[PDB]
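Engineer: First the structure, which I've put down as structure tokens, then a few questions once you've had a look.
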Amino acid sequence: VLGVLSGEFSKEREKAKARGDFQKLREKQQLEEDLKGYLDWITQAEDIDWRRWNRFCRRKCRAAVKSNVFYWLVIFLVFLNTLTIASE
Amino acid sequence: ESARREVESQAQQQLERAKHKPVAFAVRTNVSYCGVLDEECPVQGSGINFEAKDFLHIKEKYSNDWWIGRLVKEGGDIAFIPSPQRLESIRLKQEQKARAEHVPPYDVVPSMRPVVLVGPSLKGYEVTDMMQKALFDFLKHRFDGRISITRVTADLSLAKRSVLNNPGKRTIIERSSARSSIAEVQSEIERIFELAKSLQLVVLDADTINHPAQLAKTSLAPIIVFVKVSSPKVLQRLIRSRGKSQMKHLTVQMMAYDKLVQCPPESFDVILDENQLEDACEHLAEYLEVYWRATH
Amino acid sequence: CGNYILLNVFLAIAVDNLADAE
Amino acid sequence: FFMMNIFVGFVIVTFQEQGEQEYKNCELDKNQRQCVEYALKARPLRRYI
Amino acid sequence: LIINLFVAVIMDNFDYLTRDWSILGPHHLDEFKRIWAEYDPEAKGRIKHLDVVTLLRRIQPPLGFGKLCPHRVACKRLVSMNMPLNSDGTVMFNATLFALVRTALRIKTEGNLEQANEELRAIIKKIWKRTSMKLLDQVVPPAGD
Ligand SMILES: COCC(CCO[C@H]1CC[C@@]2(C)C(=CC[C@H]3[C@@H]4C[C@@H]5O[C@]6(CC[C@@H](C)CO6)[C@@H](C)[C@@H]5[C@@]4(C)CC[C@@H]32)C1)COC
């Protein structure tokens, strides 16, 4: 087992840190995070300014869902429903 | 030698009588000199060292040979400062000790530096317009009461050359694809100066400025706020997701972004490269409050 | 030659553990 | 898998138990430091015949 | 507990088995040091320069510059490592090992007081604690100090 360990370690680090595919995956996930953040920024920018009432309600709908109390209530309801369906 | 003590006492009395008086002029100096050890001032030890690219507030005139100034830094204290004629005498002494520009330290600048936002792409396009609109709304709403917003339509990049009635370049000013008849530029400059004279922090929405280097030789010397996207790929995806109309203008936006990237960091004053809107907003607000306290 | 391969599969699991260590 | 993942967690735990004992190098190099500290203590012998 | 003992033994052997044993592992250098202790049957202590060329010509294939004995880079290995001439070309085993380290390391010829002196004086404090057994500071000055 120790010999197989050494054989695997001889390649898990060498020739792997060179191309840095782990760094590539980290860059991909960082890019996804930055994209979602900037898209949220753009949505905020377009929302900050028939249709006027709809735009006004858009701000309140976007703000309400982000509240932690709403998230706690939703997760509690989901857990209760899952227990109910698992009450069998 | 009681005359020196008498004049020192008189100067100290005048200072203490006018320590709290308003500011006469705003000064932006690009020359380095140490005045702390200068005993030539009437009140020895009360000199202020003015260095390159420093901002000062001139309060009043002691005489033609000495004036009164304060530093715009936080908790600044008013003291003596060489007068314009005294600055001329000091530079004469400096060139006497050693062996052109003749730029006075008291360069005519607004009361405090205006704030202008640049990046991450060409202004007037959808992405940059929304990104700067969000920040403008945040700045207006949070710091309402002592913050002013100013919009300028005409170009402001011409303030030193082609504005001196230079025969070579003042000819091509009407057919440069811009509303530039010099007179409106001067009117807007005077408008900026008079708005600054109110001693209320102001910002400029320069629809023409898209690069720091085109607003450097000007006498405004504004505050540059840089907001940038981490990756060009992210910017491209944002442009594609924004709509089907900016596809024709994607290349110019990318060109502007990559040109702005190459700008040295020292040219910019602050950097806002935080993905979250709140983080960048607070980062800008802290600097704004620090600057506001510095002049107050 | 079977079990070693399974152990190599376990080594692959170790590689999976490597995939779980990366 | 998951127990193995728990074991993988144990792996990380072992990586915390023994793999975090690398401390600070505090020498000129990382491998050449080992060579220097290994080749400076070596002493010649005689091997009498 | 057997898993713990396995982890202990593999960590103990990590600096032995999972090392650079591919080509130029430090344990290969240790084996060549043992060879040096064995490859010189004369064991005269002060091996002449005309005697090292006869037998010590083959120093080390991996660590050595090449198969151009006595020195592949004659200029570098006889100037940067000064030609040992303590007694008709006397060569010290410790001095030769230090020369091989210099081949592995990177310090220039005489005039390297900065890096070489830092290495040879930080011995006392922070590189290789040798406050005692100062005999090296009596055999290196012929070569390095
Ligand atoms: C200087 O080198 C160390 C350094 C720091 C990181 O340490 C790593 C070293 C190897 C080590 C300890 C690590 C992760 C998986 C570990 C393996 C999981 C497997 O679990 C077992 C246990 C028995 C079986 C039940 C399943 O297989 C072992 C065969 C296998 C194992 C214990 C062998 C050793 C491995 C961490 C850099 O290394 C990347």
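As shown in the structure tokens, the chain order sets the letters A, B, ...; within each chain, residues go from 1, and ligands are also counted from 1 in the order they appear.
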Any residue with an atom at most 6 Å from ligand 1 counts, using only C-alpha atoms and all ligand atoms. Which are they? Put them as a PDB file with C-alpha atoms, in the first residue's frame.
Structural biologist:
```pdb
ATOM      1  CA  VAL A   1       0.000   0.000   0.000  1.00  0.00           C
ATOM      2  CA  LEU A   5       1.013   5.491  -2.413  1.00  0.00           C
TER       3      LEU A   5
ATOM      4  CA  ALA C  14      -7.522   6.795  -3.887  1.00  0.00           C
TER       5      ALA C  14
ATOM      6  CA  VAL D  11      -7.655  11.956   5.421  1.00  0.00           C
ATOM      7  CA  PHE D  15      -3.680  16.065   6.866  1.00  0.00           C
ATOM      8  CA  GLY D  19       0.214  16.973   7.248  1.00  0.00           C
TER       9      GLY D  19
ATOM     10  CA  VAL E   7      -0.432   6.848   8.474  1.00  0.00           C
TER      11      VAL E   7
END
```
Engineer: What residues in chain A have any atom no more than 8 Å from chain E when counting only C-alpha atoms, and can you write them as a ChimeraX atom specification?
Structural biologist: /A:2-3,6-7,9-10
Engineer: Which of these residues is nearest to chain C, using only C-alpha atoms: A:78, A:45, A:25, A:73?
Structural biologist: A:25
Engineer: Find the residues near segment 30-37 of chain D: any atom within 8 Å, counting only C-alpha atoms, skip ones fewer than 2 places away on the same chain, and give them as a ChimeraX atom specification.
Structural biologist: /D:25,27-28,39-41 /E:26,101,104-105,128
Engineer: Taking the DSSP secondary structure from the backbone, can you list the residues of segment 23-220 of chain B that are alpha helix (DSSP H), as a VMD selection string?
Structural biologist: chain B and resid 84 to 97 126 to 142 183 to 197
Engineer: Residues of chain C no more than 12 Å from chain D, counting only C-alpha atoms: send them over as a list in words.
Structural biologist: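 Filtering chain C at 12 Å from chain D with only C-alpha atoms gives residues 10, 13, 14, 15, 16, 17, 18, 19, 20, 21 and 22 of chain C.
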Engineer: Take the residues that were just selected and, keeping N, CA and C atoms, output them as a PDB file, in the first residue's frame.
Structural biologist:
```pdb
ATOM      1  N   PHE C  10      -9.304   0.641  -6.115  1.00  0.00           N
ATOM      2  CA  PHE C  10      -9.173   1.312  -4.826  1.00  0.00           C
ATOM      3  C   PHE C  10      -8.134   2.421  -4.906  1.00  0.00           C
ATOM      4  N   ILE C  13      -9.982   4.711  -6.468  1.00  0.00           N
ATOM      5  CA  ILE C  13     -10.697   5.328  -5.357  1.00  0.00           C
ATOM      6  C   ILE C  13      -9.774   6.282  -4.616  1.00  0.00           C
ATOM      7  N   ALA C  14      -8.524   5.865  -4.391  1.00  0.00           N
ATOM      8  CA  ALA C  14      -7.522   6.795  -3.887  1.00  0.00           C
ATOM      9  C   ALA C  14      -7.347   7.967  -4.841  1.00  0.00           C
ATOM     10  N   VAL C  15      -7.307   7.689  -6.148  1.00  0.00           N
ATOM     11  CA  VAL C  15      -7.358   8.766  -7.131  1.00  0.00           C
ATOM     12  C   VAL C  15      -8.654   9.547  -6.974  1.00  0.00           C
ATOM     13  N   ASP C  16      -9.767   8.833  -6.787  1.00  0.00           N
ATOM     14  CA  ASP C  16     -11.008   9.483  -6.386  1.00  0.00           C
ATOM     15  C   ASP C  16     -10.808  10.247  -5.085  1.00  0.00           C
ATOM     16  N   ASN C  17     -10.129   9.625  -4.117  1.00  0.00           N
ATOM     17  CA  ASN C  17      -9.726  10.349  -2.917  1.00  0.00           C
ATOM     18  C   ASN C  17      -8.807  11.508  -3.272  1.00  0.00           C
ATOM     19  N   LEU C  18      -7.906  11.299  -4.234  1.00  0.00           N
ATOM     20  CA  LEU C  18      -7.159  12.416  -4.798  1.00  0.00           C
ATOM     21  C   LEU C  18      -8.110  13.434  -5.410  1.00  0.00           C
ATOM     22  N   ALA C  19      -9.095  12.956  -6.177  1.00  0.00           N
ATOM     23  CA  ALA C  19     -10.154  13.840  -6.646  1.00  0.00           C
ATOM     24  C   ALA C  19     -10.952  14.404  -5.480  1.00  0.00           C
ATOM     25  N   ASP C  20     -11.004  13.678  -4.366  1.00  0.00           N
ATOM     26  CA  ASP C  20     -11.609  14.183  -3.143  1.00  0.00           C
ATOM     27  C   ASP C  20     -10.630  14.984  -2.294  1.00  0.00           C
ATOM     28  N   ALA C  21      -9.336  14.940  -2.609  1.00  0.00           N
ATOM     29  CA  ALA C  21      -8.340  15.768  -1.946  1.00  0.00           C
ATOM     30  C   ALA C  21      -7.964  16.995  -2.762  1.00  0.00           C
ATOM     31  N   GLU C  22      -8.612  17.210  -3.902  1.00  0.00           N
ATOM     32  CA  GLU C  22      -8.300  18.337  -4.769  1.00  0.00           C
ATOM     33  C   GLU C  22      -9.524  19.224  -4.972  1.00  0.00           C
TER      34      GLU C  22
END
```
Engineer: For a quick test of understanding: name the residues of chain A lying within 7 Å of chain B when counting only C-alpha atoms, and present them as a short mmCIF file (atom, residue, chain, number, x, y, z; two decimals) with N, CA and C atoms, in the first residue's frame.
Structural biologist:
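Heads up, here's the output in selection-v4.cif:
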```
data_model
loop_
_atom_site.label_atom_id
_atom_site.label_comp_id
_atom_site.auth_asym_id
_atom_site.auth_seq_id
_atom_site.Cartn_x
_atom_site.Cartn_y
_atom_site.Cartn_z
N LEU A 31 -15.07 32.95 -11.92
CA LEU A 31 -15.71 33.65 -13.02
C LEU A 31 -17.23 33.55 -12.92
N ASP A 34 -18.28 35.94 -10.10
CA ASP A 34 -18.19 37.33 -10.51
C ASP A 34 -19.27 37.68 -11.51
N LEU A 35 -19.58 36.76 -12.43
CA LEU A 35 -20.64 37.00 -13.41
C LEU A 35 -21.99 37.16 -12.72
N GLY A 37 -22.54 38.09 -9.64
CA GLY A 37 -22.53 39.35 -8.90
C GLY A 37 -22.74 40.56 -9.79
N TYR A 38 -22.04 40.60 -10.93
CA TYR A 38 -22.19 41.73 -11.83
C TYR A 38 -23.56 41.75 -12.50
N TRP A 41 -25.74 43.29 -10.06
CA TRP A 41 -25.50 44.73 -10.10
C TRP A 41 -26.27 45.38 -11.25
N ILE A 42 -26.24 44.75 -12.42
CA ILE A 42 -26.94 45.30 -13.58
C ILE A 42 -28.45 45.28 -13.35
N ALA A 45 -29.27 48.12 -11.15
CA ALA A 45 -29.17 49.38 -11.88
C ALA A 45 -30.40 49.61 -12.75
N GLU A 46 -30.88 48.57 -13.43
CA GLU A 46 -32.06 48.74 -14.28
C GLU A 46 -33.34 48.85 -13.46
#
```
Engineer: Would you kindly return, as a list in words, each protein, DNA or RNA residue with an atom no farther than 6 Å from any atom of segment 66-83 of chain E, considering only C-alpha atoms and excluding same-chain residues fewer than 5 positions away?
Structural biologist: residues 53, 57 and 109 of chain E
Engineer: Please, could you write that set of residues out with C-alpha atoms as a PDB file, in the first residue's frame?
Structural biologist:
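Result file follows (result_39.pdb):
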```pdb
ATOM      1  CA  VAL E  53      42.735  11.913 -11.291  1.00  0.00           C
ATOM      2  CA  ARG E  57      38.181  10.690 -11.614  1.00  0.00           C
ATOM      3  CA  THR E 109      34.000  31.907  -7.799  1.00  0.00           C
TER       4      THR E 109
END
```
Engineer: Could you please select, counting only C-alpha atoms, the residues of chain E within 9 Å of chain D and state them as a list in words?
Structural biologist: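 Every residue meeting the condition is included here: residues 4, 7, 8, 11, 26, 29, 30, 33, 36, 37, 38, 41, 42, 43, 44, 45, 93, 94, 97, 98, 101, 104, 105, 119, 126, 127, 128 and 136 of chain E.
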Engineer: Go ahead and compute the interatomic distance for atom CA of residue 78 of chain B and atom CA of residue 19 of chain B, in Å to one decimal.
Structural biologist: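 These atoms are spaced 6.5 Å apart.
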